[PDB]
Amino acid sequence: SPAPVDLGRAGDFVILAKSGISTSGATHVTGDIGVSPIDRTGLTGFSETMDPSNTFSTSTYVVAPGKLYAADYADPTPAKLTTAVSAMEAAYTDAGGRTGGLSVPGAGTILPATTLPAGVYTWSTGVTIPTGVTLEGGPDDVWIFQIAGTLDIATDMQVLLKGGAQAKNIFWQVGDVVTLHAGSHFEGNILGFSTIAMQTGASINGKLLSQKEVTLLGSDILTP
């Protein structure tokens, strides 16, 4: 079981994106979201209202007491986001740099009825999860997924946890676009180099931590 990835100040967020977060439909986020270095116009569809301090905003889509932060909000918000984004990049680099990676059968497809124990799992391709996957281990076990290409989980398919496996101990390092298809359910911390997209009724217990933009359609992003 590898050492966990330290998210540092990026772990203060449920969604953190460098180039924007968009939402439509009945989205539910439990936790704080942030965009930096893009300004507040990088938040789209939130109908957000500034706090009188101008340091944060609130939205129907970010369940109380969750707040929105943007790089052009009042001090000390720009510094907070600069620090968090630097932590996300360090986390991304740490996760992608681990050795001891295992090959998973299926040449970039997770085959039916696959159960993965704690470990580092490595692909030089993208990964597709067309029928979901099970992660089995204890409460301190760690999963680091190292994906050079895209990551997709198919419509209505699930990451299932057994044994005490916890979302906070699961890390997805992904070099290309992440797509969590309609009605899918995900677990863990997605350290995306590019877009992270969730579709209608998709859910995650964990974090979306993008070095580009996040797009949400009626999605649930829940702090465990």
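Numbers follow the displayed sequence, beginning with 1.
Colleague: Given the B-factors recorded for C-alpha atoms, which segment has the greater mean, 134-142 or 67-75?
Modeller: The recorded data point to 134-142.
Colleague: Which of the two stretches, 203-211 or 6-14, shows the higher mean Cα temperature factor in the record?
Modeller: Mean CA B-factor is higher for 6-14.
Colleague: Of the choices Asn189, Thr27, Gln166, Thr58, which one's C-alpha carries the largest B-factor in the record?
Modeller: So the option with the highest C-alpha B-factor is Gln166.
Colleague: Splitting the chain's C-alpha B-factors into thirds, which one does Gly183 fall into?
Modeller: Middle third, going by the recorded CA B-factors of the chain.
Colleague: Of the three thirds of its chain by CA temperature factor, lowest, middle or highest, which one includes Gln158?
Modeller: Top third by C-alpha B-factor.
Colleague: Going by the CA temperature factor in the PDB record, which third of the chain does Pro52 belong to: lowest, middle or highest?
Modeller: It falls in the top third of the chain.
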